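I have placed the structure first, in the form of structure tokens, so that the comments after it can refer back to it.
Counting starts at 1 for both ligands and their atoms, in listed order. Residues take their numbers from the sequence shown, with the count starting at 1. Computed from heavy atoms alone, side chains included, the values below leave out hydrogens, waters and symmetry copies.
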Amino acid sequence: XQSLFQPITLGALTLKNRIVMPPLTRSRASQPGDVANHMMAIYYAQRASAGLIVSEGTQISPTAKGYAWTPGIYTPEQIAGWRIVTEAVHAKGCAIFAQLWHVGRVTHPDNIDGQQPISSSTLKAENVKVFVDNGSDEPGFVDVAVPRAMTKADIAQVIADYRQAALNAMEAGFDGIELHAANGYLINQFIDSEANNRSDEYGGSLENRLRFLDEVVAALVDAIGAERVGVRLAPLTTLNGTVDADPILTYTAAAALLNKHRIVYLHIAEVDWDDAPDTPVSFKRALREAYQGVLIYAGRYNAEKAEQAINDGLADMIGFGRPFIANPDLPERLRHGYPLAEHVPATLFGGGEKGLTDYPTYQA
Ligand SMILES: Cc1cc2nc3c(=O)[nH]c(=O)nc-3n(C[C@H](O)[C@H](O)[C@H](O)COP(=O)(O)O)c2cc1C
Ligand SMILES: CCCCCCCCO[C@@H]1O[C@H](CO)[C@@H](O)[C@H](O)[C@H]1O
Ligand SMILES: CCCCCCCCO[C@@H]1O[C@H](CO)[C@@H](O)[C@H](O)[C@H]1O
């Protein structure tokens with residue numbers, strides 16, 4: 001764990017250690033209005049011994065939402081709710097980035113004001129469910145809907161919505177933003193060949209499949225500065241329905257394109273739930289040459305694997321998702337080899353403080 005507990009520079013920030021709390025949707029936002037709240041602020045501040053916190057995905061508009069009760073970042077009240085979170089986190093000494101979210105086709109009309117979802121094309125995500133509010137206190141799981149293909153004008157609108165969400169995040173006191181371009185969501189529906197059937201300049205070729213990503217990142221950078229923009233990618237997982245035919249090429253190229261934008265970090269989502277594909281070391285080393293900023297990986301890491309990835313020159317920082325849910329003091333536990341609590345799946349989403357803020361710190 002020695003390297004894991006070394007500080008690191010992230011743009012204009014000095015971070016305490018190499019541990020990241022990656023984005024973790026908890027569906028705790030206040031209703032009506034999908035507003036970040038007190039319980040969330042406590043939750044994040046409890047975990048502020050991380051080097052970096054990346055918020056749960058936060059939708060950039062009403063039609064960007066995938067799941068019931070996720071917090072938005074487009075209304076004034078939503079910005080203010082996030083400010084209570086960022087104030088709490090900053091009082092503990094920690095950096096926090098907002099994960100800007102558009103789910104594209106991975107939603108249900110019930111979550112987007114009855115609208116049909118949008119995507120690169122009209123392809124439904126196969127074997128994918130989201131959850132909706134059905135009036136009960138627990139999430140109601142449902143099949144996703146068939147999307148409509150985005151027009152030119154839809155692309156302009158979404159870019160504008162991302163751009164403004166970045167400014168909103170700065171107004172909310174975040175230190176930066178993370179673009180969610182991973183886990184089968186909207187941008188990923190353009191990147192991955194088998195999700196993109198477009199015949200215009202946003203599909204077919206590799207350069208066209210990366211164009212939406214390029215244009216969104218350019219707008220984010222223009223709005224808030226490259227030193228405040230990270231991006232998340234998922235080259236090899238396919239759980240939410242996006243498959244690329246030549247992911248080593250596509251994602252090495254994406255990494256090099258993002259390097260050209262000088263984004264402050266690149267975050268690789270190596271596992272999604274129990275989708276844990278073989279991610280060759282040779283590929284990881286290629287990504288490390290293609291993108292020369294701070295490289296973050298998350299997915300089934302433990303202390304040993306995290307330290308090894310850093311010492312082998314594969315990663316600069318490591319995210320721990322599920323362990324951070326149940327271990328607010330995860331860094332201290334990793335450093336000392338204290339046993340980790342395990343999380344309760346039934347309280348991951350929805351509800352209140354139970355299973356959110358009531359996991360204790362370690363006590364022998
Ligand atoms: C409850 C839960 C919610 C998640 N929500 C998001 C999210 O909002 N955005 C995202 O990019 N990843 C999300 N993820 C994925 C995690 O960031 C992480 O990449 C994944 O859980 C693998 O890391 P782990 O094996 O350490 O948990 C979620 C994971 C879990 C368990
Ligand atoms: C610095 C010491 C003062 C601590 C301020 C504590 C703020 C807690 O705030 C409380 O959080 C609860 C959720 O846990 C909500 O249900 C309450 O409405 C909210 O007032
Ligand atoms: C409205 C938001 C109020 C946030 C108050 C800070 C919440 C985190 O409080 C932290 O909780 C840890 C237990 O997990 C304690 O061990 C730390 O001492 C405590 O400061």
Original post:
Can you tell if the side chain of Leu330 reaches within under 4.5 Å of the side chain of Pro323, non-hydrogen atoms only?
Top reply: yes

Subject >> Side-chain ion pair, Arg209 and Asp244, N-O less than 4.0 Å >> reply: yes

Note down each nitrogen or oxygen pair, ligand 2 side and protein side, whose separation is under 3.5 Å; give only atom names and the distance to 0.1 Å.
unit_1	atom_1	unit_2	atom_2	d
ligand 2	14 (O)	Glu353	OE1	3.2
ligand 2	14 (O)	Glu353	OE2	2.7

**OP:** Identify, for atom 26 (O) of ligand 1, the protein heavy atom at the shortest distance, and state residue, atom and that distance.
**Re:** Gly321 N, 2.8 Å

Original post:
Would you call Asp34 and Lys65 a salt bridge, taking side-chain N to carboxylate O under 4.0 Å as the test?
Top reply: yes

**OP:** Return the option from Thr25, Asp275, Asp272, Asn302 holding the heavy atom at the smallest distance from atom 1 (C) of ligand 1.
**Re:** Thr25

Original post:
With a cut-off of 4.0 Å, which atoms of ligand 3 are near a heavy atom of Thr361?
Top reply: 13 (C), 14 (O)

**OP:** Please work out whether any backbone atom (N, CA, C, O) or any side-chain heavy atom from C-beta onward of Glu270 is under 4.0 Å from ligand 1, and answer side chain, backbone, both or neither.
**Re:** neither

Original post:
Which residues pass the side-chain hydrogen bond (donor to acceptor under 3.5 Å, both in side chains) test with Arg300, sequence neighbours left out?
Top reply: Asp274

Original post:
At a non-hydrogen distance cut-off of under 4.0 Å, which region of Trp273 contacts ligand 1 (side chain, backbone, both, or neither)?
Top reply: side chain

Original post:
Of all the non-hydrogen atoms in the protein, which one sits nearest to atom 30 (C) of ligand 1, and at what distance?
Top reply: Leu24 CD2, 3.6 Å

Subject >> Among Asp161, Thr70, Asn111, the one residue meeting side chain to side chain donor-acceptor pair (under 3.5 Å) with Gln59 >> reply: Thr70

**OP:** Determine whether any heavy atom of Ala182 lies closer than 4.0 Å to an atom of ligand 1.
**Re:** no

Original post:
Among the heavy atoms of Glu87, does any lie under 4.0 Å from an atom of ligand 3?
Top reply: no

Original post:
Which residue owns the protein heavy atom closest to atom 21 (O) of ligand 1, what's the atom, and how far is it?
Top reply: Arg322 NE, 3.9 Å

**OP:** Verify the neighbour count for atom CZ of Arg285: are there more than 12 heavy atoms of other residues, nucleotides or ligands below 6.0 Å?
**Re:** yes

Original post:
What do you reckon, does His180 have a nitrogen or oxygen under 3.5 Å from a nitrogen or oxygen of ligand 1?
Top reply: yes

Original post:
Does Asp143 have any side-chain hydrogen bond (donor to acceptor under 3.5 Å, both in side chains) partners at least two apart in sequence or in another chain, and if so, which?
Top reply: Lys124

Subject >> Heavy-atom neighbours of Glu342 CD exceed 12 at 6.0 Å >> reply: no

Original post:
When you check the gap from the basic side-chain N to the acidic O, do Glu270 and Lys284 get nearer than 4.0 Å?
Top reply: yes

**OP:** Ignoring hydrogens, just give me the one of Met21, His267, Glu178, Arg232 whose non-hydrogen atom is nearest atom 12 (N) of ligand 1.
**Re:** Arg232

**OP:** Heavy-atom contacts with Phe320 under 4.0 Å: which atoms of ligand 1 show up? List them by number with element.
**Re:** 26 (O)

**OP:** Provide the number and element of each atom of ligand 1 under 4.0 Å from a heavy atom of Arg300.
**Re:** 24 (P), 25 (O), 26 (O)

**OP:** Would you mind running through ligand 1 and noting each atom that sits below 4.0 Å from a heavy atom of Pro22?
**Re:** 17 (O)

Original post:
Around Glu304, counting heavy atoms of other residues, nucleotides and ligands shown, do more than 12 lie under 6.0 Å from its CD?
Top reply: no

Subject >> Protein heavy-atom partner closest to atom 17 (O) of ligand 1 - residue, atom, separation in Å >> reply: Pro23 O, 2.7 Å

Subject >> Sub-3.5 Å N/O-N/O distance, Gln99 and ligand 1 >> reply: yes

**OP:** Identify which of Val54, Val271, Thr347 has a heavy atom lying nearest to atom 20 (C) of ligand 1.
**Re:** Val271

**OP:** Would you mind listing which atoms of ligand 1 come within a distance below 4.0 Å of any non-hydrogen atom of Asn183?
**Re:** 11 (O), 12 (N)

Subject >> For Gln46, the ligand 3 atoms whose distance to one of its heavy atoms is below 4.0 Å >> reply: 8 (C), 11 (O), 14 (O)

Original post:
Taking only residues two or more places apart in sequence, or in another chain, which ones meet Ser27 in a side-chain hydrogen bond (donor to acceptor under 3.5 Å, both in side chains)?
Top reply: none

Subject >> Evaluation steps, side chain to side chain donor-acceptor pair (under 3.5 Å), between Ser120 and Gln189 >> reply: CA-CA 6 Å; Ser120 57; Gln189 292 153 37; 5.6 Å; no

Original post:
What do you reckon, are the aromatic ring centroids of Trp101 and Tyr67 less than 6.0 Å apart?
Top reply: yes

Original post:
Does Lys152 come within less than 4.0 Å of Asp200, counting only side-chain N to carboxylate O?
Top reply: no

Original post:
Can the ring centres of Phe174 and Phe97 be said to be less than 6.0 Å apart?
Top reply: no

